[PDB]
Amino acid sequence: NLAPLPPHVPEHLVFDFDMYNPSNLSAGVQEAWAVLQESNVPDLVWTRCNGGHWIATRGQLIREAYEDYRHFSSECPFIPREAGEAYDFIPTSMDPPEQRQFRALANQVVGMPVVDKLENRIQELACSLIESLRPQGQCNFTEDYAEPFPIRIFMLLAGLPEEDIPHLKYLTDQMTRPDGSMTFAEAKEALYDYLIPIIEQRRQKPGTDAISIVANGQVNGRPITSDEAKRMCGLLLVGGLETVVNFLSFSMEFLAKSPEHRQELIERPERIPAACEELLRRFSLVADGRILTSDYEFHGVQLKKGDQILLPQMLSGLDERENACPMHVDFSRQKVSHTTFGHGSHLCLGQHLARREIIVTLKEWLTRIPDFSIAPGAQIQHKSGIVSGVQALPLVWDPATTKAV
């Protein structure tokens, strides 16, 4: 239901958008969010859903807010408030100056030098999974590739057993698209419960895995504490288990529905890096926010200290004012503008791993399975949250049109 309208919010700014169950979700989750950018809607609106919060609907305001960390703090970055308050991951729950020291440590496990390290294991696993699917002429892409590929890469990088994936995937699901079986705080508690003994073991007997690197690392000189290491590893788990996993399904659903864009990439494989970028814009999928540190007049709207503001990273690139014809996918876009990996001091540290996983998937899938479609009669359902997603993606192809390499 709807929270009572606070006294300082004018009535002409009310627009009751539900980020966990938007009205037009049946048309596609990105399209459902894009109703916030129709001609009747102001640049900054208030929704009474999920406890009541502001929403910035346009790339210009979203970028400005993410840059101004003095007014828009990441101390409480999730809606609803009880989730944002419980949220204490590092570095995301910190503002500069304190935040920055932890980014260098995190960069040690997912930074560009490390991604070049994993280059061939990433390639090897993608090829292995796709060739296993190729003769079947069908798959459930979410379960058969979108989950195993990024998650098994992350679990190897973190030195965690693959048998733990269903448990951990359940918990990160509850932090991003809750089904109501757990609050965010309970899921976060359960994630830390998993991590605490592992952190302890790898500070006594350190190794070469990402948890060992974070847990034995230094933070601008001084040792990291066990608690900080846990709060960093929690974040890396969510990123490894929820981001590329869900993005790959949006991308493959689009290609399965658009033979012309497929053929363009088969005909012209060197455009695949650019296509990755244009797909990251069109099927952007993260939406978090900030909390006001003081009363502040922002673009002619009076924001109050403690107000939460959703700053949908998803919406910047779908904004017609940043990209003409924003809902159309054009691999030859001159200037692809988006904030899919965030903006400001919290720019995604995993984005280099993410791009490699996406580009390797596209190259290696189209090589072996150039021609595929949605299974006949299937209605693809999307789900909305902090990270939006695809419920299921049944694909079909003629094994005779395929190639083993």
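Numbers for residues come from their place in the sequence shown, where the first is 1.
For the pair 191-199 and 114-122, the mean B factor over Cα atoms is greater in 114-122. Higher mean CA temperature factor, per the PDB entry, when comparing 256-264 with 224-232: 256-264. Which of 127, 171, 90, 244 has the largest Cα B-factor in the deposited entry comes down to 127. Looking only at 104, 325, 285, 214, the residue with the top Cα B factor in the deposited structure is 325.
In the deposited entry, the Cα temperature factor of residue 39 places it in the highest third of its chain's modelled residues. Among the modelled residues of the chain, residue 143 sits in the middle third by CA temperature factor in this PDB entry. Among the modelled residues of the chain, residue 205 sits in the highest third by CA temperature factor in this PDB entry.
Per-chain ranking of the deposited C-alpha B factor places residue 152 in the middle third.
Looking at the C-alpha B-factors along this chain, the one for residue 64 belongs to the middle third.
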